[PDB]
Amino acid sequence: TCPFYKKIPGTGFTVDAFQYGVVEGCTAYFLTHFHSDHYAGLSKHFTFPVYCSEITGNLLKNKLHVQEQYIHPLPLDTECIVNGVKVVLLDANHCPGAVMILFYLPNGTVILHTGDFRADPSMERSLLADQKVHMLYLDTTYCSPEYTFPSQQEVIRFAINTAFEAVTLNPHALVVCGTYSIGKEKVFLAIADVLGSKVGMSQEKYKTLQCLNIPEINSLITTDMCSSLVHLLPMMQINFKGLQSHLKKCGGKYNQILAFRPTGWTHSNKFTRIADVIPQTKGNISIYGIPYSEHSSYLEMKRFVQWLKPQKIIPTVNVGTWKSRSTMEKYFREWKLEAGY
Ligand code: NI
């Protein structure tokens with residue numbers, strides 16, 4: 001049964017609620033983004049209207065085979081009427097095609113559902129600037145002050161400079177980047193661009209990337225592994241055993257691996273600056289864990305909320321334990337007392 005924080009009151013709508021069977025009273029199912037914890041339950045046998053971005057709808061049709069007649073893609077930043085209710089989709093600054101959803105209820109209440117997001121000051125000049133929001137359904141993934149990480153731009157600077165130095169020292173070094181979902185494509189695209197290479201990958205991953213409307217993508221990626229010196233592998237293979245096995249398959253073209261694991265936060269964040277990050281090394285293999293986040297840091301989240309000044313907050317992440325719930329509720333009250341709303 002569907003939990004309350006996935007239901008939009010005063011509508012027939014649910015958000016990211018596909019694993020509960022037929023939800024009683026639901027006339028339209030919204031999907032914020034194409035990550036498995038959110039789409040869990042969708043398939044070619046789904047027969048209710050799904051509302052989403054264009055990029056998400058490309059993924060639903062090509063990867064999950066949802067039939068076209070049930071996919072309802074909406075343009076961003078545009079007022080649309082769904083089953084008698086005005087909605088807007090906004091860029092979530094998460095993975096490709098990820099949105100926040102503004103619902104203008106028939107009684108005058110305005111609700112923002114962030115989906116998954118990485119809050120940014122640029123959101124203060126979107127269509128959110130124009131009216132009051134009563135209720136916020138918030139991605140609380142990193143809602144605690146220990147969760148610090150650098151900007152995406154600092155992290156990409158570190159990756160490009162590290163890869164360019166290693167390969168210029170040793171033109172027979174291969175770069176490998178780990179992946180297990182969409183998101184974080186800048187990591188492997190920025191490294192391949194500094195090296196003058198395409199990114200090489202499996203047919204299944206190439207298919208996924210071809211759904212993402214990235215400009216000039218045919219110029220940047222390939223299934224021809226032999227022609228590429230930046231390879232994408234599943235995240236599970238980014239370890240000394242998996243990388244040794246891969247290097248064997250490359251037929252003596254390469255004699256060293258430099259590998260990247262874009263994690264979110266790890267506790268090595270609490271002590272060390274990005275500048276000071278070092279790899280784990282074994283022989284001719286080195287592995288870097290880089291803190292590339294597609295979720296808000298604590299400070300980014302707190303700024304967004306203190307700007308928006310909602311009347312009520314409903315967390316959508318970390319909701320399963322009483323300790324987590326109590327921690328989050330204490331920060332929400334602090335924020336509100338400090339800002340005065
Ligand atoms: Ni996500």
Side-chain angles (χ1 to χ4, degrees), residues 2-3 5-6 8 14-20 29-43 50-60 62-64 66 73-74 76 89-102 112-120 122-123 136-144 147 149 151-152 155 177-189 205 208-209 211-214 232 234-236 261-266 269 289-298 300-301 304-305 313-320 324 328:
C2 184
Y5 67 80
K6 296 182 176 272
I8 307 299
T14 59
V15 178
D16 301 347
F18 302 90
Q19 61 166 298
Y20 305 106
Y29 293 73
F30 287 78
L31 181 60
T32 63
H33 68 292
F34 198 75
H35 281 163
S36 63
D37 281 353
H38 299 260
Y39 70 68
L42 274 162
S43 68
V50 180
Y51 288 85
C52 58
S53 69
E54 177 190 348
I55 287 163
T56 300
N58 296 343
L59 294 157
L60 289 184
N62 294 288
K63 300 292 299 196
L64 302 180
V66 178
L74 303 175
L76 305 187
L89 302 188
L90 309 161
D91 205 275
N93 187 44
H94 184 52
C95 66
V99 301
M100 315 192 289
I101 312 160
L102 253 198
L112 177 65
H113 196 304
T114 68
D116 283 346
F117 85 139
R118 181 164 188 179
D120 193 75
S122 62
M123 297 172 174
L136 178 63
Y137 287 64
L138 180 63
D139 168 14
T140 46
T141 298
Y142 294 127
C143 187
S144 192
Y147 299 117
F149 33 74
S151 64
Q152 292 174 167
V155 175
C177 295
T179 187
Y180 46 30
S181 58
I182 66 167
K184 310 188 181 182
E185 288 78 12
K186 192 64 171 177
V187 179
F188 51 83
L189 299 170
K205 186 77 185 180
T208 299
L209 299 183
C211 296
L212 310 182
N213 294 346
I214 289 168
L232 301 192
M235 198 75 82
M236 295 190 73
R261 291 183 348 76
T263 67
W265 179 91
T266 61
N269 274 270
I290 62 177
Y292 193 94
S293 182
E294 294 184 338
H295 297 273
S296 311
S297 72
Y298 171 86
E300 293 162 352
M301 190 193 300
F304 179 78
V305 176
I313 306 171
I314 302 173
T316 65
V317 190
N318 305 310
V319 301
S324 288
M328 289 185 297

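For ligands, and for the atoms within them, numbers begin at 1 and follow the listed sequence. Residue numbers start at 1 and run along the sequence shown.
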N, O or S atoms of the protein lying under 2.8 Å from the Ni ion (ligand 1): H33 NE2, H35 ND1, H94 NE2, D116 OD2
The criterion is side-chain contact (heavy atoms from CB on, under 4.5 Å); which residues satisfy it with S151, sequence neighbours excluded? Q153, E154
Which residues satisfy the ring-ring contact (aromatic ring centres under 6.0 Å, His included) test with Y51, sequence neighbours excluded? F30, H72
Heavy atoms of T56 and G97 approach each other most closely as OG1-O, 3.2 Å
Member of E185, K184, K205 meeting the side chain to side chain donor-acceptor pair (under 3.5 Å) criterion with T179: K205
Quickly, which of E294, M100, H94 forms a side chain to side chain contact (heavy atoms under 4.5 Å, CB included) with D116? Name it, please. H94
So, using side-chain contact (heavy atoms from CB on, under 4.5 Å) as the criterion, who are the partners of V317 when residues are at least two apart? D139, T140, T141
